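Given next, in structure tokens, is a single chain: the form deposited in one PDB entry.
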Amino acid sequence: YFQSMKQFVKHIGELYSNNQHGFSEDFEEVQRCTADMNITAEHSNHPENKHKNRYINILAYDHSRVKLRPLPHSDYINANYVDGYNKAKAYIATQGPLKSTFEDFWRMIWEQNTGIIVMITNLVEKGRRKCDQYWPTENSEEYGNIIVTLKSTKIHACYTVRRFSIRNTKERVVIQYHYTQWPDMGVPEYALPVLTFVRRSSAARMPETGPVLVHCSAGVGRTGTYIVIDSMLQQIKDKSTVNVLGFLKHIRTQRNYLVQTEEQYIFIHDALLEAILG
């Protein structure tokens, strides 16, 4: 209803009050929940899989990890299923792929029936490598049994959309929504561009398709921020009634560190407030 929307908007101001005391309290709770819960990630730590992780301390929880079909530890990718508002396994949250995991990455896309990739990092930021370029600059590239062809590109102010066709050589359209303006440090000054990106990339999800693949560099901070904004917008649209903190605690059981920073937690609320007022 209008009334629960009114209470949420008021709750946002509450969190902001007293030098953001409520936001800090909320996020400290989130971090403590993560610290206290024991969630295994044995596969991520297996010696054979160590080179498949971009970061030694960003793992894939066992219970929610995406499994690749075994090949004649070939089942491992640093990726997890993550819920959306009502829908189980609405997303696959994953790291920016490495050259050594490009074949695995595209095979996962294929096997999962994924039609949309959401990328929320530049390849290099402030001279530091954040992600390897897992797609062809032009024409086609073969990544094991998957051939990926770049059909077309549209470069907007804050995001780029690349339309691919992929084919398993042992054809499907896959669209990449690539946000290109996230700052080197902190969060975006203005939420509106991110809101537009979330709305357009989320609207691209078609019926009877697999999870939307979301990644940044580690696949935790910006990735989690996207998933929470998208999911809470969908909840507001359908139900009203938002529960950002409970949703975040829940997804944090599915992939380590989703929404990594308090600044991101606050940004989520800025973005939802802008959506509500717009």
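Start at 1 with the first residue shown and count on from there. Residues that one form lacks are left out of the comparison. What we label the rigid core is the largest C-alpha set whose atoms superpose within 1.5 Å from one form to the other.
Below, we refer to the form deposited in another entry, which is not included among the displayed structures.
Annotation: the position in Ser64, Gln235, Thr34, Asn49 displaced by at least 2 Å at CA between this form and the one not shown, with the core superposed, corresponds to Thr34. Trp135: CA moves less than 2 Å between this form and the one not shown after rigid-core fitting.
Residue displacement note: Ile147 has its CA displaced by under 2 Å between this form and the one not shown (rigid core superposed). Relative to the superposed core, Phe164 undergoes a Cα shift smaller than 2 Å between this form and the one not shown.
In sequence order, the runs of three or more residues whose C-alphas all shift by 2 angstroms or more between this form and the one not shown, with the rigid core superposed, are 34-36, 182-187.
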